[PDB]
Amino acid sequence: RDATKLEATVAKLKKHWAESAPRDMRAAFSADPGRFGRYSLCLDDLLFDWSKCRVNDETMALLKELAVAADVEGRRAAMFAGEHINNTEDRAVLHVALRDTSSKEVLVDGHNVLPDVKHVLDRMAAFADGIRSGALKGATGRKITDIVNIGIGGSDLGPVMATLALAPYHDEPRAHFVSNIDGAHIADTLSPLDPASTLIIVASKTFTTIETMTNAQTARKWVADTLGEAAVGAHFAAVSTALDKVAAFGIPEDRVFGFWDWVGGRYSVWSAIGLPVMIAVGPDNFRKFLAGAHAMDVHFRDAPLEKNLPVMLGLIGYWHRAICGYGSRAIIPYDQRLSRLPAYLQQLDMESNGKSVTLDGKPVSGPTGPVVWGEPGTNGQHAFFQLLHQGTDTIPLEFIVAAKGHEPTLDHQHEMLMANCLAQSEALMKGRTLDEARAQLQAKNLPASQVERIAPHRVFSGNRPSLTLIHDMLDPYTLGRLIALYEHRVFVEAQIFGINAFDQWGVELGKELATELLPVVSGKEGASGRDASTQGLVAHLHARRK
């Protein structure tokens, strides 16, 4: 890594944005239709087109220089090598090992981790098969009809996202996900269910995660109240490494599935944490999900910078955020089954890159992670695209769509879906001028004064950037490949930012203060010494609760 060169290149990119980057995208496309080919890449059926971004050959040359000066490639090699690149926590970062079916070995501290990874998946598969087949029954001999995952953050969003995304691959048992400490979540989830046919999965590495374990004890009582204490072992599984604590809870060791310190929560869906996903779609589908991620990993590791999809995606995201000054990015998947992808991507991106200090503990040099937000298309069009088109800020779009849906009789609806996806990016680029707006109103034969009055309200600046990702069909493999692409774009951006993508020290202060405030809120102690707002809110809660 070359700090001087990196800084010089950042400055060149800012000068370039100011003086040389394309301003009129209609004109750029008109004069230079070759830009589609130059600013797109494929990996197998996956097409990544960033040609509607405000870039030219000089932009891409500078971005390559940036990737080189940031040592994206060397930092990547360190990750794959099992080096302790999570420096603040002194840990390896090896979510890639979780889906690695090609390497002979991957070493962490002198130990080949691959056999352990594969052994856990094998045990998960045997368990999932048994639950799915009815071979493994509840305490009164019933086939399990419902599974309830209990976890927070990374122990939840991945499982939810993937399970919903793979609905066509999921039959019985039904899958439910509890995460909020709010009692509404566990209460509303368990109330319609029968304990006799329900499996609870408790996802916590330590088995002391306060919110998860509080929910877990509520579920434990729900089982034991109806089926008796002895039934707990037939109605629970644990995703945990705290073998002492899982035994104390009454979960047999053959229903406990572990993972490792080098699996970050927001990168854990590939591990034992994905157990509810594997129960939902079956082990074969879960392994296809792993295989798709693995294909993206091999590509990420091996493709030269100019052909490397995640590197280009990270470079373009960095461009948008740090150089163009866009504070957010909207990720709009044109697939209702990806309804919970944006929320997943919020954790992956924002918790990784929402950082103000570098690896070495110094203040960062520019903006770091942007706000990530979105909803599926077409839904989002009818909620907030008004602002994306006519708002005062430019917000870059990341579009995702499949060439084929899963409904053989509704391909016409899929055609409308695709047309809308392509039309929105086209609209953001081309806009509509006052003359064009005027002409449309004149064609309705409105009075001249009304045309003149309304026309300015129908103007669209255009030149708003977007990129589009197209895959053949959202199947397990394609989903895995998509998530991995985003894991690696986030890695890339973090390296350019100079931050640790793999720690999360920013959650500690809230936890600390929540621990102090619990007995205060519960009426067990005073809010003496705290700020007057915290005091006033505590006082109000107490008054309203009395």
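In this text, residue numbers run from 1 along the sequence as written.
Comparing the deposited coordinates for 107 to 115 and 320 to 328, the stretch with the larger average C-alpha B-factor is 107 to 115. Judged by mean Cα B factor in the deposited record, 357 to 365 ranks above the other of 232 to 240 and 357 to 365. Of all the options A135, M418, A184, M124, the entry's greatest CA B-factor is assigned to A135. Within the listed group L94, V459, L441, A167, the record reports its top CA B-factor for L441. Compared with the other modelled residues of the chain, the Cα B-factor recorded for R26 ranks in the highest third.
Placement of the Cα temperature factor of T208 within the chain: highest third of the modelled residues, per the deposited record. Among the modelled residues of the chain, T59 sits in the middle third by CA temperature factor in this PDB entry.
When all modelled residues of the chain are sorted by CA temperature factor, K511 is found within the highest third. Annotation for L479: C-alpha temperature factor in the lowest third relative to the rest of the modelled chain, per the entry.
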